[PDB]
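Have a look at the structure below, then the notes.
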Amino acid sequence: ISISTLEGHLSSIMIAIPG
Amino acid sequence: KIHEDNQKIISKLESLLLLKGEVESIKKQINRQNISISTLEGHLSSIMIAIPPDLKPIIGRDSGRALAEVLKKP
Amino acid sequence: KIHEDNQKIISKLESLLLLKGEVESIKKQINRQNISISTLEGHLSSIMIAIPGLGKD
Amino acid sequence: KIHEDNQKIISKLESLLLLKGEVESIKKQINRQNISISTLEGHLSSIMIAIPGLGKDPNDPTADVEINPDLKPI
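In the order they appear, the protein sequences are chains C, B, D and E. Mapping the first sequence onto the entry's author numbering, position 12 (from 1) lands on 369, and the numbers just tick up by one. Numbered per the entry's author numbering, the second sequence spans residues 324 to 375, 392 to 413. Mapping the third sequence onto the entry's author numbering, position 44 (from 1) lands on 367, and the numbers just tick up by one. Mapping the fourth sequence onto the entry's author numbering, position 67 (from 1) lands on 390, and the numbers just tick up by one.
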């Protein structure tokens with residue numbers, strides 16, 4: 358559960374797909 | 324008396340064989356964790372870029404708006 | 324009858340001996356995911372923050 | 324034959340009693356896992372609050388402070 362909530366935060370925060 | 328003790332042993336052994344569904348339930352939990360980690364590694368792999392060797396990822400302020408100004412145009 | 328009951332006990336002991344390899348496979352899978360969490364912690368520790376040129380509004 | 328059967332049962336039971344130290348090893352790996360998860364939570368907490376707009380609606384993440392510095396205007 359802790360990783361799943363950590364995944365939900367890290368999705369919108371980190372990705373901008375630069376490549 | 325020995326037969327009574329043997330039936331008691333078999334009775335406790337059936338309880339110890341009940342743990343197989345519990346171990347498979349653990350295996351599904353680690354499998355769910357493995358999917359969550361793999362999505363995280365997929366997300367961190369996209370933001371990683373080279374720095375003018393080191394491969395340091397860069398985060399932006401709002402939606403990667405600063406990433407267009409700083410980085411070299413390809 | 325007693326000897327037949329003990330052969331049933333050993334058969335259930337053999338099934339529990341099969342359960343040990345499944346437990347050890349769980350331990351190896353916990354170890355592999357723990358190495359994965361360590362290296363993503365490494366990639367999060369090395370990260371750059373970018374600040375834009377103009378405030379949008 | 325029954326006594327020889329009991330020695331086989333005891334010997335296989337001792338092979339099953341070797342597994343308790345392995346379960347204790349599962350406990351140490353799970354403890355080391357949640358320290359690593361806590362470090363990941365600590366890193367993402369510092370990033371999302373230093374960088375604006377990345378709260379994901381927690382109702383102003385910089386405003387998580389307790390409010391009683393003898394203020395009471397209300």
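A virtual CB, placed ideally from N, CA and C, is assigned to each residue, including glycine.
Handout entry: 9 Å Cβ cut-off: residues of chain C touching residue 374 of chain B
Key = By 1-based counting over the second sequence, the position of residue 374 of chain B is 51. In chain order: nothing, as chain C lies at least about 12 Å away.
Problem - beta-carbon residue 372 of chain C near the ligand MN non-hydrogen atom, thresh 7 Å - result: In the structure on display, the ligand MN does not appear, and there are no ligands present to speak of.
Practice task
Could you check what DSSP says for residue 372 of chain B in three-state terms: helix, strand or coil?
Solution key: As a position in the second sequence, residue 372 of chain B is number 49, starting the count at 1. Note: residue 372 of chain B maps to coil in three-state DSSP.
Practice task
Could you pull out every residue in the same chain whose Cβ sits closer than 7 Å to the Cβ of residue 385 of chain E, ignoring the five residues on either side in sequence?
Solution key: Numbered from 1 along the fourth sequence, position 62 holds the residue referred to as residue 385 of chain E. If we look at residue 385 of chain E and ignore the five residues flanking it on each side, its Cβ neighbours are 372.
Handout entry: Backbone secondary structure at residue 392 of chain E - three-state DSSP
Key = On the fourth sequence, position 69 is the one that residue 392 of chain E refers to. Looking at residue 392 of chain E - three-state DSSP - the assignment turns out to be coil, as it is neither helix nor strand.
Problem - Cβ-Cβ distance between residue 394 of chain B and residue 335 of chain D below 8 Å - result: Along the second sequence, read from residue 1 onward, the residue named residue 394 of chain B stands at position 55. Along the third sequence, read from residue 1 onward, the residue named residue 335 of chain D stands at position 12. 8 Å or more divides the Cβ of residue 394 of chain B from the Cβ of residue 335 of chain D.
Practice task
Examine chain B for any beta-carbon lying closer than 8 Å to the beta-carbon of residue 332 of chain D, and answer yes or no.
Solution key: Translated into the one-based positions of the third sequence, residue 332 of chain D becomes position 9. True, the Cβ-Cβ gap to chain B drops below 8 Å.
Problem - Neighbour list for residue 369 of chain C in chain E, Cβ cutoff strictly below 7 Å - result: The sequence position of residue 369 of chain C within the first sequence is 12, counting from 1. Ordered by position in chain E, the residues that pass the 7 Å Cβ test against residue 369 of chain C are 379.
Problem - Pair within 8 Å by beta-carbon distance, residue 368 of chain D and residue 359 of chain E - result: Position 45 of the third sequence, counted from the start, is the residue given in the question as residue 368 of chain D. Position 36 of the fourth sequence, counted from the start, is the residue given in the question as residue 359 of chain E. No. Outside cutoff.
Practice task
Mind the definition here: the segment 393-410 of chain B touches the segment 341-350 of chain B only if three or more C-beta pairs lie below 8 Å; say whether that holds.
Solution key: As far as the Cβ criterion goes, the segment 393-410 of chain B does not touch the segment 341-350 of chain B, which means the pair count is below three.
Exercise for the section: Pull up the distance between the alpha-carbon of residue 363 of chain E and that of residue 364 of chain D, whole angstroms please. Expected result: For the purposes of this step, residue 363 of chain E is taken as residue 40 along the fourth sequence, with counting starting at 1. For the purposes of this step, residue 364 of chain D is taken as residue 41 along the third sequence, with counting starting at 1. Rounded to the nearest whole angstrom, the C-alpha separation of residue 363 of chain E and residue 364 of chain D is 6 Å.
Problem - Closest residue to residue 370 of chain C among B:402, B:374, B:354 (Cα-Cα distance) - result: If you number the first sequence from 1, residue 370 of chain C lands on position 13. The shortest C-alpha separation from residue 370 of chain C is found at B:402.
Exercise for the section: Give a yes or no on whether 8 Å exceeds the smallest Cβ distance from residue 411 of chain B to chain D. Expected result: One-based indexing of the second sequence puts residue 411 of chain B at position 72. Not a single CB atom of chain D sits nearer than 8 Å to the CB of residue 411 of chain B.
Exercise for the section: Taking 8 Å as the cut-off, decide whether the C-beta atoms of residue 325 of chain D and residue 325 of chain E are in contact. Expected result: The residue you call residue 325 of chain D lines up with position 2 of the third sequence. The residue you call residue 325 of chain E lines up with position 2 of the fourth sequence. The Cβ-Cβ distance between residue 325 of chain D and residue 325 of chain E falls below 8 Å.
Exercise for the section: Please say whether residue 350 of chain D and residue 349 of chain E have beta carbons closer to each other than 8 Å? Expected result: As a position in the fourth sequence, residue 349 of chain E is number 26, starting the count at 1. As a position in the third sequence, residue 350 of chain D is number 27, starting the count at 1. If you check the CB distance, residue 349 of chain E and residue 350 of chain D come in under 8 Å.
Handout entry: Chain-order list of residues whose beta-carbon lies under 6 Å from that of residue 377 of chain E (same chain, five-residue window excluded)
Key = For the purposes of this step, residue 377 of chain E is taken as the residue at position 54 of the fourth sequence. Only residues of its own chain outside the window of five on either side were considered, and among them 371 have a CB closer than 6 Å to the CB of residue 377 of chain E, listed in chain order.
Problem - 8 Å Cβ cut-off: residues of chain E touching residue 355 of chain B - result: As a first step, residue 355 of chain B is located in the second sequence; it is residue number 32 there, counting from the start. The contacting residues do not exist; residue 355 of chain B stays about 14 Å from chain E at best.
Practice task
Look at the alpha carbon of residue 327 of chain B and the alpha carbon of residue 347 of chain D, and state the distance between them as a whole number of angstroms.
Solution key: Taking the first residue of the second sequence as position 1, residue 327 of chain B is located at position 4. Taking the first residue of the third sequence as position 1, residue 347 of chain D is located at position 24. The alpha-carbon atoms of residue 327 of chain B and residue 347 of chain D are separated by roughly 35 Å.
Exercise for the section: Let me know if residue 356 of chain E comes out buried or exposed under the rule of 16 or more other beta-carbons within 10 Å of its beta-carbon. Expected result: Counting from 1 along the fourth sequence, the entry for residue 356 of chain E is found at position 33. With at least 16 other beta carbons inside 10 angstroms of its own, residue 356 of chain E counts as buried.
Handout entry: Range covered by the alpha helix (DSSP H) that runs through residue 328 of chain E
Key = Counted from its first residue, the fourth sequence places residue 328 of chain E at position 5. Run containing residue 328 of chain E: 325-340, per the alpha helix (DSSP H) assignment.
Exercise for the section: Kindly indicate which three-state DSSP category residue 353 of chain B falls into: helix, strand or coil? Expected result: As a working mapping, residue 353 of chain B is identified with position 30 in the second sequence. Residue 353 of chain B: helix per DSSP, three-state reduction.
Exercise for the section: Label residue 374 of chain D either buried or exposed according to how many other C-beta atoms from any shown protein chain fall within 10 Å of its C-beta, with 16 as the threshold for buried. Expected result: Walking along the third sequence from the start, residue 374 of chain D turns up at place 51. By the Cβ neighbour-count rule, residue 374 of chain D is exposed, with fewer than 16 other Cβ atoms within 10 Å of its own.
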